[PDB]
Amino acid sequence: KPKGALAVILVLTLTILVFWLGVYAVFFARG
Amino acid sequence: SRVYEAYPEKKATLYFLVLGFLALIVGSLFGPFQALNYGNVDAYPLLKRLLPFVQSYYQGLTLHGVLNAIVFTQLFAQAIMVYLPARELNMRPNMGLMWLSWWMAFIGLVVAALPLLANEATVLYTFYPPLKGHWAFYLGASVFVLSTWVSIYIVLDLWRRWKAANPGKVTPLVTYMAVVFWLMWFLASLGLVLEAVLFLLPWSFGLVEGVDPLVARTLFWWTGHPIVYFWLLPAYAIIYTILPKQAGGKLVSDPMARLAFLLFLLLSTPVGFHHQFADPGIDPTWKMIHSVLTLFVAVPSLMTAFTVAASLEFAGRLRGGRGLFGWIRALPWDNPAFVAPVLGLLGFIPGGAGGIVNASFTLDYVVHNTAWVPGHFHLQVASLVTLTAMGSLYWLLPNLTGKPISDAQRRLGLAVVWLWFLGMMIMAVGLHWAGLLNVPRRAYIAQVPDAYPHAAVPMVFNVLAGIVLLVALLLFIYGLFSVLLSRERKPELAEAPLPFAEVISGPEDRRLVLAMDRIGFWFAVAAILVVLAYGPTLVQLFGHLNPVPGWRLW
Amino acid sequence: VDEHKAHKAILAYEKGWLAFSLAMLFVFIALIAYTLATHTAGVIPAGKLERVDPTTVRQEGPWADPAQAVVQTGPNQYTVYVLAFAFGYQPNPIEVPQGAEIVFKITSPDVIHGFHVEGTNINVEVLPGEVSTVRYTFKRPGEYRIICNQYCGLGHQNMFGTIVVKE
Ligand code: HAS
Ligand code: HEM
Ligand SMILES: CCCCCCCC/C=C\CCCCCCCC(=O)OC[C@H](O)CO
Ligand code: CUA
Ligand SMILES: [Cu+2]
């Protein structure tokens with residue numbers, strides 16, 4: 001099984017969520 | 001040489017490539033100075049001594065955007081997405097047309113460049129009315145871009161001739177990629193062509209008094225989103241069909257590669273209101289629809305991430321790497337051809353994350369028109385696309401010229417690629433972080449040194465990135481001209497085949513490929529989506545035109 | 001065999017990844033939809049087309065006298081007619097009470113400018129011939145800076161304004 005490929009898509013997913021939720025929070029702080 | 005008699009397409013390709021890199025060099029000269037600016041250091045008095053035709057920061061910015069983002073990327077697209085399918089099919093393209101395309105490109109460039117150099121079109125690469133450039137700028141830009149319609153013809157011609165000789169056979173993988181690529185571009189290109197023909201040209205010649213800026217922006221961003229996928233897809237083609245061989249493995253799936261390109265055909269054009277979330281006069285309902293479709297255009301790159309990572313893991317295991325991370329160490333990190341796009345892909349993770357934030361309608365109000373945005377896009381085009389193009393010096397250039405790459409030139413190449421990548425990453429931190437502090441894009445901030453005190457720390461990252469990327473550019477110039485001007489030739493290199501990867505196949509794959517090969521159908525679906533996504537708003541805007549007078553404020 | 005078993009396993013996980021991806025994208029759509037149903041959505045520009053003539057806007061109508069640009073249109077609502085021009089904003093300052101809904105109506109007599117209120121989600125493009133309408137309620141009193149964040153010529157980097165929110 002492609003464990004390595006899975007580690008890469010895990011890293012990508014965490015990056016997407018940190019970006020998105022961090023900006024969602026900034027949006028509500030300024031609203 | 002007798003090699004260009006057999007394969008004249010090698011010479012034309014080379015001309016596209018060299019012209020493209022000259023453009024990249026001249027446009028990139030302005031980058032370090034713009035980075036230092038975003039570090040609160042004003043180095044423009046020195047730049048004006050070196051280049052006395054430069055009158056302002058914003059003229060330098062216009063040259064940077066036009067030469068790097070419009071010119072270099074188009075010429076790379078035209079070189080890669082004509083020559084690669086030609087070599088896969090082993091058929092010669094219509095050489096009359098191929099030379100015609102090069103001459104259109106070159107003439108349009110020269111014509112556009114003159115007012116840029118004379119300070120007559122300091123309007124940036126988006127050229128938003130009612131800021132009014134010189135007519136030669138719009139005429140030249142229009143002829144440069146239309147050059148691509150001839151490339152579209154050339155590849156459809158190749159594809160048709162192959163089908164006539166091979167009836168009942170499915171389109172080969174690289175040629176399938178190029179056909180859907182160029183068909184996508186035809187649809188995409190209509191926004192800008194319409195803007196130029198109906199509005200910018202008659203206006204710049206004096207034939208009409210004003211232009212409606214809202215309809216102009218709307219037509220612009222029809223083309224303005226899918227143009228960035230136009231920049232990207234040539235690197236993807238290389239990453240899917242060439243990089244796996246260079247890594248020591250194979251492409252793990254033909255159908256998944258085809259599906260990603262197909263989704264780009266369908267979803268790249270009907271989304272441009274994501275560039276207009278802050279525009280008046282466009283209904284919020286339509287903004288949401290375009291926001292939703294923009295999140296879907298993310299899927300083919302999400303898909304790409306898995307398919308390519310799995311291909312590289314496969315190569316890594318074939319070369320004896322074990323465990324979670326040992327497959328990485330076993331990859332050929334001594335080959336600049338392998339290293340450059342892979343570093344590109346790493347930086348594309350934060351780059352894509354920023355893109356998804358930008359797409360999310362109301363979240364865009366946090367980051368719109370701040371330094372965040374150039375942070376996002378330098379990770380995408382100035383890193384992945386550019387680095388992929390830089391790596392092709394090391395396999396494509398010998399295949400075109402017969403000139404070998406020396407071991408010293410290889411080593412130099414590895415340094416250039418790492419410094420470029422590290423430079424972009426450092427800048428990305430500074431620009432992203434400055435953007436969150438409300439520092440605007442498109443601004444000579446160094447000339448107002450007390451205006452953004454809260455951003456002192458991210459500014460240090462911008463200075464540093466400035467000097468690192470200056471060193472990388474200088475080393476690149478030196479390296480490019482060492483390869484080109486080198487005396488030694490070896491015609492056996494020019495006659496060798498391209499390093500196309502093999503594919504792993506499954507019983508599943510043929511049923512999927514046939515459905516995807518119905519290109520007439522898929523093209524029709526993509527056209528209808530553009531009409532539904534754009535039609536209702538354009539009918540409303542053309543009904544209520546309010547043209548306004550032009551201004552020159554430089 | 002080795003390669004066929006690899007094709008099969010890779011594809012099996014990829015289908016999972018794709019399903020997860022779609023799920024994540026759908027959750028973001030729901031969370032965006034939520035913002036459109038709250039007060040924070042007031043910063044989305046009105047979609048109505050409201051045409052004006054940029055050549056007469058300093059001579060006639062609601063933008064011609066900046067000292068009368070702040071107008072009570074509701075019991076806790078004020079409308080502000082703002083001019084963004086080369087290179088400044090009028091009125092300067094913009095004075096408004098805290099806790100009231102403020103409707104900004106912004107136009108330009110020349111080129112496109114930005115209107116970005118530092119510390120808020122107000123971040124709107126301003127086009128000549130067209131009125132940009134956005135709504136916001138200021139919670140904290142004090143001075144907020146307006147930044148032109150669209151390139152508008154050589155004075156762009158020095159084009160700032162001020163809002164004062166009174167207790
Ligand atoms: C090539 C150039 C570009 C690409 C690609 C691109 C992608 C996106 N962008 Fe964008 N962008 C926007 C949204 C997106 C979205 C949703 C995506 C998506 O397509 C991105 C999806 C990408 C991913 C989901 C990443 C996949 C990750 C991969 C593929 C890496 C895997 C790594 C591996 C396999 C390596 C592993 C190897 C080992 C050894 C470990 C929005 C709004 O929605 C704005 C307007 C913002 C504003 O307010 O002005 C915007 C603005 C821009 C502008 C500025 C225009 C201007 O001047 O005003 C440019 C030039 C640009 C370029 C590009 N952008 N973008
Ligand atoms: C040494 C390399 C580079 C450096 C240091 C650099 C730096 C910069 C900086 C700091 C900005 C923002 C300036 C502003 O908003 O006022 C900028 C804008 C830009 N850069 Fe680069 N850049 C480089 C290479 C590239 C490349 C290779 C591309 C494209 C292939 C590119 C495309 C752009 C574009 C499209 C803009 C936006 C122009 C505009 O807003 O009108 N850059 N660059
Ligand atoms: C396998 C498990 C299946 C179930 C998985 C379900 C996933 C649900 C995700 C998000 C919920 C949306 C939350 C909507 C409420 C948001 C409230 C909020 O964010 O409040 C901020 C601010 O204070 C207000 O103005
Ligand atoms: Cu007004 Cu920039
Ligand atoms: Cu876009």
Side-chain angles (χ1 to χ4, degrees), chain A residues 21 24-25 27-29 31, chain B residues 23-25 27-39 57-58 60-73 76 123-128 228 231 369-371 373-375 377-378 380-387 389-390 419-420 423-424 426-427 430-431 434 439-445 462 465-474 476 553, chain C residues 23-24 26-28 30-31 33-35 37-40 84-89 108 110-116 126 146-161:
Chain A
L21 295 168
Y24 199 73
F27 177 79
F28 276 109
Chain B
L24 175 72
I25 289 166
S28 287
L29 283 164
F30 297 96
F33 298 93
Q34 293 159 5
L36 291 173
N37 166 69
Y38 272 85
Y57 175 84
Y58 302 101
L61 189 60
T62 302
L63 287 164
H64 178 71
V66 171
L67 293 177
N68 286 359
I70 292 170
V71 177
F72 159 66
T73 55
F76 186 66
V123 302
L124 306 180
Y125 85 126
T126 51
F127 50 89
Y128 294 140
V228 312
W231 303 335
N369 278 348
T370 74
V373 178
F377 68 69
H378 281 85
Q380 309 299 71
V381 60
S383 181
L384 192 258
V385 170
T386 304
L387 284 168
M390 286 177 169
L419 290 172
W420 190 275
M424 290 295 167
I426 289 162
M427 198 166 74
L431 298 174
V439 181
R441 71 186 284 203
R442 296 173 154 197
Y444 190 11
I445 68 168
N462 295 323
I467 101 87
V468 170
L469 286 159
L470 179 55
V471 175
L473 184 59
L474 288 162
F476 177 59
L553 289 169
Chain C
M24 171 177 70
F26 292 149
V27 171
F28 292 161
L31 287 166
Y34 175 78
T35 71
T38 65
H39 79 283
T40 63
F85 64 93
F87 295 101
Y89 301 92
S108 166
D110 43 56
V111 295
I112 297 173
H113 302 279
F115 191 86
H116 189 201
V126 186
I146 308 164
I147 298 174
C148 183
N149 68 356
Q150 186 58 264
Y151 168 71
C152 59
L154 296 181
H156 169 62
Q157 74 286 151
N158 240 307
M159 176 166 174
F160 298 103

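Counting starts at 1 for both ligands and their atoms, following the listed order. Here is the naming used below: chain letters follow the sequence lines, and residue numbers restart at 1 for every chain.
With hydrogens and angles ignored, the 3.5 Å screen pairs a side-chain donor or acceptor of A:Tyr24 with a backbone N or O of C:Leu31. With B:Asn37 contributing its side chain and B:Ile445 its backbone, the two residues share a donor-acceptor pair below 3.5 Å. A donor-acceptor pair under 3.5 Å is formed between the side chain of C:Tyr89 and the backbone N or O of C:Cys148. Between the side chain of B:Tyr444 and the backbone N or O of C:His156 there is no donor-acceptor pair closer than 3.5 Å. When atom types are taken as modelled, the side chain of B:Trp420 and the backbone of B:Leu387 share no donor-acceptor pair closer than 3.5 angstrom. In this structure, the side chain of B:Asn462 engages the main chain of B:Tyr38 through a donor-acceptor pair within 3.5 Å.
Here the protein heavy atom with the shortest distance to atom 41 (O) of ligand 2 is B:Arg442 NH2, 3.0 Å. Closest to atom 25 (O) of ligand 3, if we only count protein heavy atoms, is A:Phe28 CE2, 3.3 Å. Counting protein heavy atoms only, atom 19 (O) of ligand 3 is closest to A:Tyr24 CE2, 3.9 Å. Regarding atom 34 (C) of ligand 2, its nearest protein heavy-atom neighbour is B:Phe377 CE1, 3.3 Å. Among protein heavy atoms, atom 10 (C) of ligand 3 sits closest to C:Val27 CG1, 4.0 Å. Looking from atom 2 (C) of ligand 2 to the surrounding protein, the closest heavy atom is B:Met424 CE, 3.6 Å. Counting protein heavy atoms only, atom 11 (C) of ligand 3 is closest to C:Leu31 CD2, 4.6 Å. The nearest heavy-atom contact from the protein to atom 13 (C) of ligand 2 is B:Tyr57 OH, 3.2 Å. Residue, atom and distance of the protein heavy atom nearest to atom 18 (C) of ligand 3 are C:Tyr34 CE2, 4.1 Å. The protein heavy-atom contact nearest to atom 1 (C) of ligand 2 is B:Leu469 CB, 3.8 Å.
Note that atom 2 (C) of ligand 3 has no protein non-hydrogen atoms nearby, at separations under 4.0 angstrom. The presence of a protein heavy atom under 4.0 Å from atom 23 (O) of ligand 3 is ruled out.
Protein nitrogen, oxygen and sulfur atoms, that is N, O or S, within less than 2.8 Å of atom 2 (Cu) of ligand 4 amount to 4. Of all protein N/O/S atoms, those lying under 2.8 Å from atom 21 (Fe) of ligand 2 come to 2.
Under a 4.0 Å criterion applied to the non-hydrogen atoms of B:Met427, ligand 2 contributes the atoms 6 (C), 7 (C). Below 4.0 Å from some heavy atom of B:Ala443 lie the following atoms of ligand 2, by number and element: 16 (O). Ligand 2 places these atoms under 4.0 Å from at least one heavy atom of B:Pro32: 5 (C). The atoms of ligand 2 that sit less than 4.0 Å from any heavy atom of B:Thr386 are 27 (C), 30 (C). Each of the following atoms of ligand 2 lies closer than 4.0 Å to a heavy atom of B:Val381: 30 (C). Counting the atoms of ligand 2 from 1 in the order shown, those under 4.0 Å from a heavy atom of B:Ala35 are 10 (C).
Residue contacts with ligand 3, taken as heavy atom pairs separated by less than 4.0 Å, do not involve C:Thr40 at all.
Of the N or O atoms in B:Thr73, none lie within a sub-3.5 Å distance of an N or O in ligand 2. Considering backbone and side-chain N/O atoms, B:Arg441 comes within less than 3.5 Å of an N/O atom of ligand 2. Here's the thing with B:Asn37: none of its N/O atoms is less than 3.5 angstrom from an N/O atom of ligand 2.
Not close to ligand 3: C:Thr38, with no non-hydrogen atom less than 4.0 angstrom away.
Side chains of B:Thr370 and C:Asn149: a donor-acceptor N/O pair is absent below 3.5 angstrom, by distance only.
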